[PDB]
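Encoded as structure tokens, the following chain is the form deposited in one PDB entry, with no partner shown.
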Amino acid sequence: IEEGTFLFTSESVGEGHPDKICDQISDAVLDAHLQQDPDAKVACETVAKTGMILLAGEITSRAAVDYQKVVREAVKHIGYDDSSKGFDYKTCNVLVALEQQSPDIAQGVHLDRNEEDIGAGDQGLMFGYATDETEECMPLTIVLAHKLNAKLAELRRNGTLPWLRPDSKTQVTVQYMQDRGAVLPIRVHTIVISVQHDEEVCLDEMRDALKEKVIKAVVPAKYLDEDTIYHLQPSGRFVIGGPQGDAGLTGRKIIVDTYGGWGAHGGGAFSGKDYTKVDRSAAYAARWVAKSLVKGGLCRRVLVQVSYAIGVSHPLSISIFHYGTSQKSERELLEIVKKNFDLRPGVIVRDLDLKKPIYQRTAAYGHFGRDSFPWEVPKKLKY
């Protein structure tokens, strides 16, 4: 490691990783409610183990939702459709333990409140991060990690590698060069890929395909060299997978959902939650602030913290850290943020269109850096 350079690692998981199954189901449930009742109050956890999807949590909604159909359709989309794969949407158990939202929360947060003045749905802290090292303003480590999982699913679904199954994990270590507080990717140091597979395909066939058809189809050759380390199917066998291999829960992939270890995290999970839960809406808004600061040329890399008290609409405080990449001071950046953004949840909902039922699309491959969701479209800053 040359002075002024360093390593960093991030991971991602595939659509059939059991924790990710749960995030996607939680958001399928949220979307189903929002399609009928844009003001649904949703706090839907999902738990997955062999043969079982359990929904647990709190929903107050005017919608009439068929949980059996919504869950099973989400599992079908993921690709768990036969007992030979370890899980089947047609024949699994779907159990439901859902109640109304606590009236004590409801009265303290949103009852008889003007929408713009709705209180935060909980206390908590949230961070937003952006880095100009990729065009979409995300760490390369996690971008590559996500793309490796997406490539697996693509080659599963197109029948190229029909021995693949939906459960996968990847991990990418990149060497970076310091650049005036920004970072510049140099090379890929190590790649890990583990993916569930059928009983017939042998290890050598898998490792060859993972290198030639997955890694080389994703990672630019300029980052790979004779010294890159590859751990491909390092466990040696991964036939049992999905929830049968490992329980899944909603909100157990919060670093995969965000910045891959870069930046910071306040702890809150996204999936299964409507916009009044600031764990999601304020994290989305903080990403939007950070990405706006970088795309607007004020920063090359930036971290934002916000925090809330349950029942209180305005953030308790906001702070900006620019890694030495701005000519503006911390105070000046905060002034710019305060003049251009309003981080009350009942204003974020409007700016980011957070009653729209697009949340299942966020629940795999990261919530940030993809598909021009509203929090990924920078706001033009006035100052």
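Don't overthink the numbering: it's just position in the shown sequence, from 1.
From this point on, the text means the form solved in complex with a small molecule, which you will not see here.
**Student:** Please check if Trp375 has a heavy atom lying within 4.5 Å of any heavy atom of the small molecule in the entry with it bound.
**Tutor:** Residue-level check for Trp375: no, no contact with the small molecule.
**Student:** Might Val143 be said to contact the small molecule in the entry with it bound, defining contact as any heavy atom within 4.5 Å?
**Tutor:** Close contact exists here: in the entry with it bound, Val143 approaches the small molecule to within 4.5 Å, heavy atoms only.
**Student:** Is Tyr359 close to the small molecule in the entry with it bound, meaning a heavy atom pair under 4.5 Å apart or at it?
**Tutor:** Although the small molecule is absent here, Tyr359 would stay clear of it in the entry with it bound, with no heavy atoms inside 4.5 Å.
**Student:** With the partner left out here, check for me: in the entry with it bound, does some heavy atom of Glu115 sit within 4.5 Å of the small molecule?
**Tutor:** No, no contact at 4.5 Å.
**Student:** With the small molecule left out of view, choose which of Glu212, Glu205, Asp82, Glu136 has a non-hydrogen atom within 4.5 angstroms of it in the entry with it bound.
**Tutor:** Contact check passes for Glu136.
**Student:** Taking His33, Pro38 and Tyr275 as the candidate spot, are all three within 4.5 angstroms of the small molecule in the entry with it bound by heavy atoms?
**Tutor:** Zero of three within 4.5 Å in the entry with it bound.
**Student:** Heavy atoms, 4.5 Å, the small molecule in the entry with it bound: which of 146 to 154, 69 to 77, 87 to 95, 221 to 229 makes the cut? Say which one.
**Tutor:** Residues of 146 to 154 come within 4.5 Å of the partner.
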